[PDB]
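Chains as they are written, first to last, in this note's numbering: chain A, 1 to 306; chain F, 307 to 414; chain V, 415 to 749; chain D, 750 to 1084; chain Y, 1085 to 1133.
This report concerns only the one structure given below.
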Amino acid sequence: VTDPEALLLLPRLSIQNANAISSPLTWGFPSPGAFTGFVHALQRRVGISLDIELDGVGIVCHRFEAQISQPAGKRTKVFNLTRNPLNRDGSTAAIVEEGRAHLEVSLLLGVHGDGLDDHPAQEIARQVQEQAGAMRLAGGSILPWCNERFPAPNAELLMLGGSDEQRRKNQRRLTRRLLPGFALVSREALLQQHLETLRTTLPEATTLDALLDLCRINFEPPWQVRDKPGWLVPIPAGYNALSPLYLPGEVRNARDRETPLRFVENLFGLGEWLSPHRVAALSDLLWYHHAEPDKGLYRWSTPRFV
Amino acid sequence: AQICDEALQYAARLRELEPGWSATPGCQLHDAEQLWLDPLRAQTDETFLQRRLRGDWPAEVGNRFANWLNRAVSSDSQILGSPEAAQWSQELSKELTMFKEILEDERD
Amino acid sequence: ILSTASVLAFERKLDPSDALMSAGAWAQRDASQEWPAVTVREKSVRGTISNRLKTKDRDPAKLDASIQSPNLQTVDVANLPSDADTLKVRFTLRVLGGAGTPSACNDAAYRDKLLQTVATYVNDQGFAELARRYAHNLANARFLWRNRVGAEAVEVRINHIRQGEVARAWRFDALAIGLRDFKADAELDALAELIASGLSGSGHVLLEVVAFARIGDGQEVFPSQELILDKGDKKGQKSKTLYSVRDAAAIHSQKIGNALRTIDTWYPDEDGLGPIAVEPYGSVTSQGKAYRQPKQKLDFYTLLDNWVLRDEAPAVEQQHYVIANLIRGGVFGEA
Amino acid sequence: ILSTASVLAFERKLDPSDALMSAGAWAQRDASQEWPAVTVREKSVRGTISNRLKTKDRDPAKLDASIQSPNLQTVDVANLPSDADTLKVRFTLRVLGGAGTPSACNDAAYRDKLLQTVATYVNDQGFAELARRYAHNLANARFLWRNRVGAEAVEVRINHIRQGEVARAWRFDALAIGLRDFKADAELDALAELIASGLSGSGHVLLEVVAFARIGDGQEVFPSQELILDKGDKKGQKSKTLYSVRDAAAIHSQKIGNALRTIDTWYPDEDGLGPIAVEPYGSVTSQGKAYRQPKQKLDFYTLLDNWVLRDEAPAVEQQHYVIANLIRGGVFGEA
Amino acid sequence: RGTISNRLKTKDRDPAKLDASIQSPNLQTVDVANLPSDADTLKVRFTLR
C-alpha cells in the first residue's frame, strides 16, 4: 500500500514441508497469504525492536518439488502422506490428506521506517535473517544452510537512490541475484477483462468460468491450442465473509478470547508466475494485505503491479 | 520476450549450479560464448580470463542468439516483401537491445 | 504453348584447375619447372581499432579503454621468398564443347527448341566473339587477380597440350594486352580459333596457362581465401586462412573461371567501366551492383525466354551474352 | 487362375563394387597399382544469386541488397594432383547367375510358371544380347559418368579373375567404342560369352574393371555425391559433399550398376536418344521423363504379366528388357 | 537415390503424375558393409555350444 524506503532480500530459504494445498480448488505452490503472514510474523518478532516495518513479500521460488505421485493408469496425481500415530486403542487413525512440498524461495521484504537510519543496513538484514532462521513459511521449516559451499547473505537495498541510473543499476544487481526463479504477482485485471470478453461471447458467464478458462489448455477446431500469455495460475486471493463479525469472547473454541472471529471462505483470483526482469522495478511485485473488515473481503494482492 | 527470458534463466542456472563449464579442457567448447562460465574463469583465474571478460565485456552472444530466432521463422516472402519484416526487425532489435544491456553488466 | 522447363542444368564448360602458385627468379622462366611452391604460413597481427564508431561509443574514455585492449589475430600470409621476384601461377584449362545441350531438362520440346536455337546461333555466327574474349582473358592475366595490379612485367605462356606434350605454344605480354580492350592480334586469333574448335565440339582442347609476374623480392602474393570455423578464442583467433592444396598456395578454380568469363561489355550501363563477368542478372561483388536487372529486358532469363519460347531473337550482342551464360553453366529453371 | 504372387524380391545379379578412383600419369598405366588415391578435400566457394526471381523479388534495391550479402559455402572437391593427368577408376564386377529364381514368392504356381518362362527364354535365346550390351557398358567407360565427357583418351582394362589371378586380360579403347551403338567386335564377343556363362550359372565370373581417363594436369574429377545433413550454420553451409570410402574418392556401387544397365534401346520413343537404364517404368531422372509409361503396354509390369500369367509372349527386344529387369532385381508385387 | 519402381494401383498411372513423381526421387542413407579394395575373403567367426 505504501512505498518501501528499502527493499530487503532474504536469500534462498529452503523449506522442507510446505503446504501444497493452497486452497480448496488449487494445489501446488502455497498461498501468498503464507508469505504475507510470514513477513507480519517477522515484523511482530523483530520489526518492533529495530523500529522498522517489514511489509510486502516478493515470492521468487527458485525450486519447487511437490511430494506427489501419479497413480498407474491415471492422468491425475495423488499426495504422498505421512503416518500419523495410532489411537488409544491401537488402530490406525483416520487419515487426513495434507499435501507437502519442498520449496526454495527468496523474499523481497519491503522495509520502511525510522530504523534504517538508526542501525546499519547489514545489521537489520542479518537480524531478520536470524529471526527467519527459527521460523516457518507455510507450515514447513526453514532449512538453515549448514556446512555447504558458502552461506547466502542478505542485501538491504536502500531504494532511495541518488540517481535514476544508480537505482536501475542496483535493481539489475538484485534481479541478477534472484534470477533462476519466477516472481509471483496478482493479475486480476486480466481475469476481469477476460471475463468481459467471455461475457461478450456468451452471456451470464461468471468469473470462475474465466478463471478456469485461463487455467486449462483448451483446444479449438479449425486443431490448435488457444494460446496463453505467460504462466497464469489460480491462486487464493484472500478471504470473504460468511458470518457477521463476532465479539472476542463470543465464539466457542477460538484461538484467543481477545480477537474477533469471522467465518470465512476463499477468493480464488488469478496469479502469474513471471520472470524477475519483466517488471523493470522490484518495488512492485510485493504482496500486501487489504482488509476492509466491515465488508469481509480480507484479501492480499500485489498492488502497483501495472 | 519469453524466449529471451528463458535463455537468461538457462544461462543463470547453468552459470550458478554447475562448475562443469570449468571441468575439463579441450579444443572445441564454444569459447566465444563466455557467458555460461562467469564464476568459472574469474574466481579461480584472477588475472588470466577475468581481465579478458571485464574489459572485453562479452555481449556478442546475442548476435549468435539472433540466428536461433531467424531459424524460428521460415522463408515466407509474404512478410519479407512487406512491412511485417520491418515490425519483426524492430521488435527483435529492441529485444536484443534489452538482452544486450542485461548481458552487459555481468561484471558487477 | 512451349512453357520453359522446370529444371535446366548446364554443365560448366571452360573448366580450369586450381591455380598453383610457385616462386622463382625472372630470366629463368624458361627453366621454370622445379620452382619451389609458395607456402602459406602463419603470422601474428595486432591491430588498433579503425572502424567507424556508432555514435554511442564516441566517448573519449570509452575509445581510450577500447584502444588499450587491441585484438590479436594470427593470419595466414603467402609471400614470395626473399631471393625470388617472379610468381608463376600455373593451371590447366579444358574447353569442353556442346554448349547448348543441358545435363538436365524436363520438357523434351523446350530442350529441342533450345538446341535448335543454339544451333542457329553457331551456324549464323560460331564461337568467334566469345572465344576471342576468352582468349583475351587468358592472354592478359586477369586470373592473376591482385597479383597483377602492381607487377612490373606479366607474361602468360599458354601451351596447347596434345597427346602428351605441347602442340602449339603461345607467349603473351599481359600488360600490353589491356584489361579493358578486346582488340585483335595475330597469336590471339590462333588461340581464339583453338578455343573456337574446342567450344564447337570439333576438337579436344587442353591448355596449360602459365603466368609469371614480377612482383618483387619477397613481396606478398594473394592466393584465394578460405572461410573459418569460428569456434575458438579471440587471441589465437585465426582471422584469415588462405587456400593451399598440398603445402602450396593456390587460387581457387572458380576465381580463375570468373576472371576468364569477364567478357561482358554489352550490359546496358556505361562501357567506360569495362567488362564484367557473365552472370545471370549480371552482378559484381566488389561494386555491389547488379547490372542487367530484370526490369530492363537485358537479363539472361528474359533474353533466353524471348529467344527460345516466343522466338524474339535479340541482338547479336545480347545473344553472345546468352551463349556465354550457357557456356558458364548454372542451375536454371523455376520450382 | 495363376494370380501374381504378393511378393517378388529378385536378388541383384551383376554386383559391382565401389569404384575407387586414384591418379597418376599416362603411359605408366602398366605400373598403376601403387598410384596415389584421389583425396576428397574441402574448398570454400562464394557465389552471387543466379536463380530465377519470382516477379516479386525483381526490385532493383532488393536485388542489389541480395547480391551484397553473398552465400558462403564450403564444398567437397576432388581434383587430380598437379603432376597427374589420368584417373584410374577401379572396381570389381561379380556376375552371379540364375536370373529367374526369385528370393521371395508366395504363389508357388507363379514361381513355377516364372521359372518355366525364364528357362524357355534362356533355352530359346540365351544371355547373348544382354551380355553383349553389358560388355559394351564395361567396354565404353560409361561408369566414368562425368569423368568421361571431356576425356582425351579412355582405356578400359577388364581382367577376368580366376583362382587368384588373371585368366583373360582385355584392353579396350572406350572412345572408339561408342556410347550409343552396340556393334560387334572380336574381344567384345569374348567378354559377351564370359558374361553369358556368368549369367547362365555355368561359371564364376569376377571381372576387375580398370578404366583410365586422360582428363588433364590437376583437373577436377567427379566422384559420387552424398547427401548432406543440413543441421548447421549458413556460412559453413557444406553444400556439396562427396563420397569417399577411406581417404580416397569413390563412385557409388549403384551408380556403376546403373551405368552398366544402360542397355535399353527398345523403349517406344525415338532411338536417336540412345540407350536408357533398364528400370520398370523406364525412367531417366536427369531428363525427368519416364519412358515405357503404363498407358502403353511396354513397361516391365504389364510385359511380365502378359508373358507369365496369360502367356502373351512379347517381342524379342521387349523380353530382353524384361530379363534385363530380372537381372537388375527389385521388389515387385503388390502390398 | 532411386526413382519409383514399384507397381502402381491403376490410379497413379497418369503419365504427368508419374513424371512428377520421378522428378522428386527418394533419397536414403543406407548402411552397407563392403570388403576393402585389397581383400577378397570374408571370415565369419562364431562359437557354438
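Quick reminder that beta carbons are idealized off the backbone N, C-alpha and C, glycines included.
With respect to chain D, the C-beta atom of V/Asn-520 has a partner C-beta closer than 8 Å. If you check the CB distance, D/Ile-1000 and D/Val-838 come in under 8 Å. Of all residues in the segment 1016–1044 of chain D, only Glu-1028, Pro-1029, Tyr-1030, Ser-1032, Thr-1034, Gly-1037, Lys-1038, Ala-1039, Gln-1042, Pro-1043 and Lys-1044 place a beta-carbon less than 7 Å from a beta-carbon of chain Y. In this structure, V/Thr-506 lies away from V/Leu-613, with their beta-carbon atoms at least 8 Å apart. Distance check between A/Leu-274 and each of A/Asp-114, A/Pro-260 and A/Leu-178 places A/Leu-178 closest, using alpha-carbon atoms only. For V/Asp-587, the closest C-alpha among the options V/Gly-688, V/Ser-464 and V/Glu-569 is that of V/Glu-569.
Closer than 9 Å at the C-beta level to chain Y, one finds these residues of the segment 761–772 of chain D: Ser-766, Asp-767 and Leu-769.
Excluding residues up to 5 positions away in sequence, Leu-42, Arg-45 and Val-46 lie with their Cβ nearer than 7 Å to the Cβ of A/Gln-131 in the same chain. Judged by beta-carbon spacing, A/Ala-210 lies within the 8 Å limit of A/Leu-198, meaning their Cβ atoms are closer than that value. Taking 8 Å as the threshold, the shortest C-beta distance from V/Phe-626 to chain D does not fall below it. Judged by DSSP secondary structure, V/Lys-669 falls outside any beta strand (DSSP E) and instead within the alpha helix (DSSP H) spanning 667–674. Residue pairing by DSSP places D/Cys-854 opposite D/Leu-757 in a beta bridge.
Note that the C-beta distance between Y/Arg-1133 and D/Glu-1083 is not below 8 Å. Taking a C-beta distance under 8 Å as the contact criterion, A/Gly-133 and A/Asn-19 do not qualify as a contact pair.
Between A/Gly-33 and A/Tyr-288, the beta carbon gap of about 11 Å keeps them out of contact (Cβ cut-off 8 Å). Exposed is the label assigned to F/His-336, since fewer than 16 other Cβ atoms lie within 10 Å of its Cβ.
With at least 16 other beta carbons inside 10 angstroms of its own, D/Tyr-1040 counts as buried. A/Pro-203 has no beta-bridge partner at all, per DSSP. For Y/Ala-1104, the closest of D/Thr-1034, D/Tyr-870 and D/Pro-765 by C-alpha to C-alpha distance is D/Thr-1034. The alpha helix (DSSP H) runs lying completely inside the segment 120–199 of chain A and spanning 4 residues or more are 121–132 and 164–175, given in chain order.
The beta carbon of A/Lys-77 sits closer than 6 Å to those of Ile-68 and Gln-70, all from its chain and outside the five residues before and after it, given in chain order.
For A/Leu-274, the enclosing beta strand (DSSP E) begins and ends at 264–274. If you ignore the 5 residues before and after V/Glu-622, its C-beta comes within less than 6 Å of the C-beta of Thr-506, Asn-573 and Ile-575, all in its own chain and listed in chain order.
In the structure shown, A/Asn-17 falls within a strand segment according to DSSP collapsed to helix, strand and coil. Counting only residues of its own chain and dropping the five nearest sequence neighbours on each side, A/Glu-156 has a CB closer than 6 Å to the CB of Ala-6, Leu-8, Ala-121 and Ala-125. Under the 8 Å Cβ criterion, the segment 789–800 of chain D does not count as touching the segment 863–881 of chain D, having fewer than three qualifying pairs. A Cβ of chain D is located within less than 8 Å of the beta carbon of V/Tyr-715. Approximately 7 Å separates the beta-carbon atoms of V/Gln-633 and V/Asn-493; this is inside 8 Å, confirming the contact. One finds nothing in chain F with a Cβ atom closer than 8 Å to the Cβ of D/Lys-980; even the nearest lies about 11 Å away. Contact check for D/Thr-835 against D/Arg-963 passes: the beta carbons are separated by less than 8 Å. Taking every protein chain shown into account, the CB of A/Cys-61 has 16 or more other CB atoms within 10 angstroms, so this residue is buried. For a Cβ distance threshold of 7 Å, residue set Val-794 of chain D lies close to V/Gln-668, ordered along the chain.
In terms of beta-carbon proximity, A/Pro-180 lines the interface with chain F, with at least one pair separated by less than 8 Å.
As the crow flies, the alpha-carbon of D/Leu-763 is around 10 Å from that of D/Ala-848. In this structure, A/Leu-245 and A/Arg-257 do not form a Cβ contact; the two beta carbons are roughly 15 Å apart against a cut-off of 8 Å. Closest option to V/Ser-638, judged by alpha-carbon separation, among V/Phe-626, V/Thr-655 and V/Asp-631: V/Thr-655.
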